[PDB]
Amino acid sequence: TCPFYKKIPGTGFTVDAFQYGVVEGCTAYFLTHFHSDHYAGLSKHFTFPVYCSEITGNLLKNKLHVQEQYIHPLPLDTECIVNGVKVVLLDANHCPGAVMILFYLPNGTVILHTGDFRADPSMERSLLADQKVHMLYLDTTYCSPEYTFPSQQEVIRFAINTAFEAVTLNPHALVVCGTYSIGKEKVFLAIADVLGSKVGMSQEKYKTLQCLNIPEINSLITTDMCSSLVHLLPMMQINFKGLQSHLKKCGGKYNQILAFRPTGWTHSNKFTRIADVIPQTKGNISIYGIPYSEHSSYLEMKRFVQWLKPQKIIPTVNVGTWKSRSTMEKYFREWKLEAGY
Ligand code: NI
């Protein structure tokens, strides 16, 4: 059974609600992004209308085989009428194709569903500038002040400088980057660009990346592993055993691995600055954990909410424990008393 924070009142609509069977009263199922916790339940046998971005709809068709007649792609930043209700899709600054959804209800209520997002001051100059929001369905993944991390631009600067230095010292070093979902593509693209290489990967990953509308992608990626000195591997393989095994397969082309694991936040962020980050090393293999987040930090979330001034907030993450719920409600009241809404 579908929980309340996935239903949009006054509509036939649900958001990210595919694992509950047929939802009573639902005439259109919105999907904010192609991450498995959110699409859980969709397959080629799905027969109700799905509304999404173009990039999400390419993934639904090619990766999950949803039939085309049920995929309804909408352009971003454009007022659209769906089943008699005005909606807009906005870029969420999450993974490729990820959207927030603005719903203009028939009674005059305006609702923003953020999906998963990384709040940014640029969102203060989107179509949100123009009008009031009564209800905010908020991605609260890192809603506590202990959650700090650097900008994506600082993290990429660290990765590129670390990879360029290592491979210039040792031309026979291979770089490996872990992945397990879409998102975070700038990590491996930025490293391969500084090295003058294509990125090498499995056929399954190449297929996924070909659905993402990245400009000049054919110039950046390949399935010919022998031609490339930046390889992608599943995230589960980014450990000393899996990397040793990979280096064997490379026919004596390389004598060292430098590997990256993009994570979200980890507790070493409470102590260590990005510039001071060091790897774990075993012989000729080194592994860097880098805190590349596609969700809001606490401070980014607080800024966005204090700017938007919603009348009511419904969290969509960390909703399963009383302690998490109580914590989040305390911070929403702090924010509201501090800003005066
Ligand atoms: Ni996500």
Side-chain angles (χ1 to χ4, degrees), residues 1-23 25-61 63-74 76 80-92 94-107 109-117 133-141 143 181-183 294-296 310 313-321 324-325 328:
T1 51
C2 185
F4 74 96
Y5 68 82
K6 295 180 184 277
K7 294 189 189 162
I8 303 301
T11 68
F13 302 157
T14 57
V15 181
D16 302 347
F18 300 87
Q19 60 168 305
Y20 307 108
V22 179
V23 182
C26 191
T27 57
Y29 292 74
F30 285 76
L31 184 55
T32 64
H33 71 292
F34 197 76
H35 281 164
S36 60
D37 279 358
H38 298 257
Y39 69 66
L42 263 170
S43 66
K44 63 147 73 149
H45 312 298
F46 201 78
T47 52
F48 297 97
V50 178
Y51 288 82
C52 60
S53 64
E54 174 185 353
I55 290 164
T56 300
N58 298 341
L59 293 159
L60 291 182
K61 181 186 168 167
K63 301 291 288 199
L64 296 188
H65 308 283
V66 175
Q67 305 167 37
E68 191 140 58
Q69 73 177 148
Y70 304 106
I71 306 171
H72 292 265
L74 308 174
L76 304 182
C80 297
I81 306 305
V82 174
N83 296 359
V85 182
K86 182 162 64 166
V87 305
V88 175
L89 297 190
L90 304 165
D91 203 274
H94 185 51
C95 65
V99 299
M100 315 193 289
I101 312 162
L102 253 195
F103 301 93
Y104 290 84
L105 261 50
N107 64 13
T109 303
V110 179
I111 295 174
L112 176 63
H113 196 304
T114 66
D116 283 348
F117 87 139
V133 172
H134 301 77
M135 313 195 85
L136 177 63
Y137 288 67
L138 180 60
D139 168 13
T140 45
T141 298
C143 189
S181 61
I182 64 166
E294 291 186 338
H295 295 272
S296 315
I313 304 176
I314 299 158
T316 64
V317 189
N318 303 312
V319 308
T321 77
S324 281
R325 286 193 151 292
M328 291 183 295

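Below, all heavy atoms of this structure are taken into account, side chains as well, without hydrogens, waters or symmetry copies. Numbers for residues simply follow the sequence, beginning at 1.
We find the CD1-CG distance between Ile182 and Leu59 to be 5.0 Å, quoted to the nearest 0.5 Å. Taken to the nearest 0.5 Å, the OH atom of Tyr137 stands 11.5 Å off from the CD1 atom of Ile101. To the nearest 0.5 Å, atom OG of residue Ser53 and atom CG of residue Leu90 are 12.0 Å apart. Summarising the geometry, atom CG belonging to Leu42 is positioned 12.0 Å from atom CZ belonging to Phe48; distances are rounded to the nearest 0.5 Å. In this structure, OG1 on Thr140 lies 9.5 Å from CD1 on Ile313, to the nearest 0.5 angstrom. Here CD of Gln19 is found 9.0 Å from SG of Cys2. Values are rounded to the nearest 0.5 Å.
Counting heavy atoms from C-beta outward, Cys143 and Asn318 have side chains that stay 4.5 Å or more apart. Contact of the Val50 side chain with the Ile71 side chain is not registered, since no non-hydrogen atoms from C-beta on lie closer than 4.5 Å. Annotation: side chain of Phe30 is not in contact with side chain of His113 (no heavy-atom distance under 4.5 Å). Annotation: side chain of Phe13 is in contact with side chain of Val82 (closest heavy-atom distance under 4.5 Å). Counting heavy atoms from C-beta outward, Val319 and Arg325 have side chains that approach closer than 4.5 Å. Side chains of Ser296 and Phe117 form a contact here, defined as non-hydrogen atoms less than 4.5 Å apart. A heavy-atom distance below 4.5 Å is not found between the side chains of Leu74 and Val99. Using a 4.5 Å heavy-atom cutoff, the side chains of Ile111 and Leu102 are not in contact.
Proximity of the aromatic rings of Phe34 and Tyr39 is defined here by a centroid distance below 6.0 angstrom, and this criterion is met.
In plain terms, the two heavy atoms of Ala28 and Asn83 that are nearest each other are CB-ND2, 3.9 Å. Of all the heavy atoms in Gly183 and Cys95, the pair that sits closest is CA-CB, 3.7 Å. When all heavy atoms are compared, the tightest approach of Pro9 to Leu105 is O-CD2, 3.1 Å. Heavy atoms only, all atoms of each residue included: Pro73 and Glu54 are closest at CB-CA, 4.0 Å. Residues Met135 and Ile314 share a closest heavy-atom pair of CE-CD1, 3.6 Å. In terms of heavy-atom proximity, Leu136 sits nearest to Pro310 at CB-CB, 3.9 Å.
Legend: residues meeting ring-ring contact (aromatic ring centres under 6.0 Å, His included) with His33, ordered by chain and number and at least two apart, are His35, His38, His94. Residues that satisfy the salt bridge (charged side-chain N to carboxylate O under 4.0 Å, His left out) test with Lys44, not counting sequence neighbours, are absent from this structure. With sequence neighbours excluded, the residues satisfying ring-ring contact (aromatic ring centres under 6.0 Å, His included) with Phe18 are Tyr29, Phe46. In terms of the side-chain hydrogen bond (donor to acceptor under 3.5 Å, both in side chains) criterion, residue partners of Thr32 (sequence neighbours excluded) are, by chain and number, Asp16. Listed by chain and number, the residues in a side-chain hydrogen bond (donor to acceptor under 3.5 Å, both in side chains) with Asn107 are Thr109 (sequence neighbours excluded). Taking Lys61 as the reference, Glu68 meet the salt bridge (charged side-chain N to carboxylate O under 4.0 Å, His left out) condition, with sequence neighbours excluded.
Not a single donor-acceptor pair under 3.5 Å links the side chain of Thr14 to the backbone N or O of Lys7. The closest donor-acceptor contact from the side chain of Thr114 to the backbone of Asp139 lies under 3.5 Å.
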